[PDB]
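Laid out below as structure tokens are two forms of one and the same protein chain, each shown alone and named structure 1 and structure 2.
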Structure 1
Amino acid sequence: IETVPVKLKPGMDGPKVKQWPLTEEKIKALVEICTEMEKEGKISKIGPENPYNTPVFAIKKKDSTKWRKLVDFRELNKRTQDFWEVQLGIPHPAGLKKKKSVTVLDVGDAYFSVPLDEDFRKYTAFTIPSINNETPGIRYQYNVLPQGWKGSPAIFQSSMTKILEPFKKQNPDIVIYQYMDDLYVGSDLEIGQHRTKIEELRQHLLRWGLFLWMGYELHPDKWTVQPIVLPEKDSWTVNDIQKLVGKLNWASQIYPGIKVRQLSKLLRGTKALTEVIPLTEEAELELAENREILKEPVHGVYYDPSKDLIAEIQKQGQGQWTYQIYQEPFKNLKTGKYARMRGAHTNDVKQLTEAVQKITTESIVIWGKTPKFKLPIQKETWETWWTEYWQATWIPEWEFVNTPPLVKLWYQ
């Protein structure tokens, strides 16, 4: 019934961010949603004296036909003061990523039951644009905790704790984590038992008085991790050996003891690329030692919470993508691959967008925060099409790589 005082970072004004073009469908959806939100008092109209703006658009969650309002709060989130609660910060559960199965639940509607600090409300302003700007955009601001804002989980946390207390005390083995609008509940239980406990939890949440019927099931135990592998052949061409030496040279930036000398000795002389070259004993041994080295993990790879997670993605063709999450160059915290087909067969951007979402989810389950993506796409293409395929209630940060990486085929 009482609002907690909120302010921005020192020397920082509120966000002013242009509303990007919206399609007719999304505009109608947002009008219909915001009308009812206004009726329910969640939002209120504002006047010209509010300069601030945050972009808004519409999406659809996993397996649903219902439009959902998504506000992109990234600017406000980085401009709003770092919010440390009575918690003094929560250690991110390291058991969450070790659980057999992890279900994602949307708790977002709970935020709307808690009022927002009056003086900060002006900073949450947003616009529903009109087609061809033929009418003034409809301007709103939030009277309650907005979805997507950094302050909402921080503020609501004290409530969420005592809301989840009975369920947590009843099932102590279950690990629960909260990121933005999402509640991640992991456990080792069988899928049926898991789903029953999940239904139990959402029913318990609805009894606590808070679309929560959805769920998203991961399996961190079955997650993809990639060692560096070398080919095994009975016959090597000059080309094969050249590619091998290239890969080993690249892998020597990671693993110290990699030696290409005896293998490069075979490349001496100018021969046809397709000519078969028999391996000398020294070369074979060198290769063996190299494999041995490649089986061990990387030296001195640690996660530092003070730094940024960086995710790189490569398009390998045939609907296949490779990715690496890392902090420092050639120190890989995680690597993986996606062959996924969901409605994505002919569309590169749909694939890349789903990939970005999955990687972000993984990164949230593991380190409790989102990576900065380097996307193998032109800025204009991505900026144009990514919102069409976005199903997630959060958004990460991204940049663009316009020069083809040589390391592409070395990860495939």
Structure 2
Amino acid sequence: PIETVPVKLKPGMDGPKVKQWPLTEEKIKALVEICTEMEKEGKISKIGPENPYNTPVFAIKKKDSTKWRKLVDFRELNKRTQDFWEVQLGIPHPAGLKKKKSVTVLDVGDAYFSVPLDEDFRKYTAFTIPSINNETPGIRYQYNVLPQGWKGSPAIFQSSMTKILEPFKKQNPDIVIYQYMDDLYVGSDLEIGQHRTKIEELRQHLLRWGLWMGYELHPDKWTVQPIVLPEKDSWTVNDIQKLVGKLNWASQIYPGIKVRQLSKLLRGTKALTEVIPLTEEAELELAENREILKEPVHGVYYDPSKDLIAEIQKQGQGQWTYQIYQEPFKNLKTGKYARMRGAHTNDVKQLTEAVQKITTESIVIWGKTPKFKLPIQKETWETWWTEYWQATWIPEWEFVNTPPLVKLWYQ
């Protein structure tokens, strides 16, 4: 008996038409049981071929979870409804969320099933369940309520959500609560003990309205990865050539970098392994460049109207570096991950974990998901990435192949 919020695509654009990729057996059995249940509770209903739209679907298991979770790849639909959840019903981003000692994420996707969807918009939430060995044709469905993973769901449910959170936000005013997709980010400066208690108070505060998760973050302990130069006491020709190449590349970020006095040590046609003593004018140009790399870049600041971009570099030995930026060489944030799950044995698992960690950080700091430049081939990625995904959102990505130049982000 709830009124439906009218939604429309952006002008001059059709619905998504993306083919369903092949799914494993354990995934298809999990989707069948869920979909049959959701059909029995009226959340979804079967459709036919007259609907030309489709969206991929697969299942996941969150970190340390045994139950499967239905996940829909609405990245294409979200691009084609972008004007709705940004202009009319936007959600403000608290700049204090990233300053809290502890932030916890809560899957609140089950609440969106309580609100019906607009009848004219249900045609675009269509998806197909494949069968093993193509035994049966595609079993198609469409959503009859607010779908999980659609950007328009938290915007429609926003008015309902604020009213549920008001009695708890009043009793706890210093607590910051942000909502992105199917997740709810609750950050507080309280001690780790009474923080988790306040989470359970909320959890029961949401159970009484008709709605459980737990993943802790500590944004105050988030560090950045600067550009560092080696501290050698004896320098060879090769060492100085690598140093100049790195300093030359870093000059695109820190204009104050100079390699004039160091290049003078590379005048003769000398053997690479030959030891070169550092002149007095060069030892000062090296120390001055070390101080410039300590300084922050001039004129870097986040623009809300620009898309985030993230690049990842495989550094070997379980090391991965990343940089987030909107304009080239204006890095809003750099970093490095090490010893993630699958280190020293699996690179797709590490790359999947790194993307999730990076995206999570981008949501806490700016409330946006970056578009990734992944160092992997497309086919390698499109084969395995679903086997290691543990998150309810899916960022955008593209595939690059840049050979290592001169180790700028890792020693």
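The first residue in the sequence of structure 1 is number 1, and each one after it adds one. Between two forms, the rigid core is defined as the largest C-alpha subset superposing within 1.5 Å.
Of the residues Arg195, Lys271, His204, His219, exactly one exceeds or equals a 2 Å C-alpha shift between the two structures once the rigid core is aligned, and that residue is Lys271. With the core held fixed, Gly95 shows a CA shift below 2 Å between the two structures.
In a rigid-core overlay of the protein, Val298 has its C-alpha displaced by under 2 Å between the two structures. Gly41: CA moves less than 2 Å between the two structures after rigid-core fitting. Its Cα shifted by 1.7 Å between the two structures, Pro136 is reported here after superposition on the rigid core. In the rigid-core superposition between the two structures, residue position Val86 carries a C-alpha shift of 9.5 Å. Taking the rigid core as reference, the CA displacement of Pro115 between the two structures comes to 0.6 Å.
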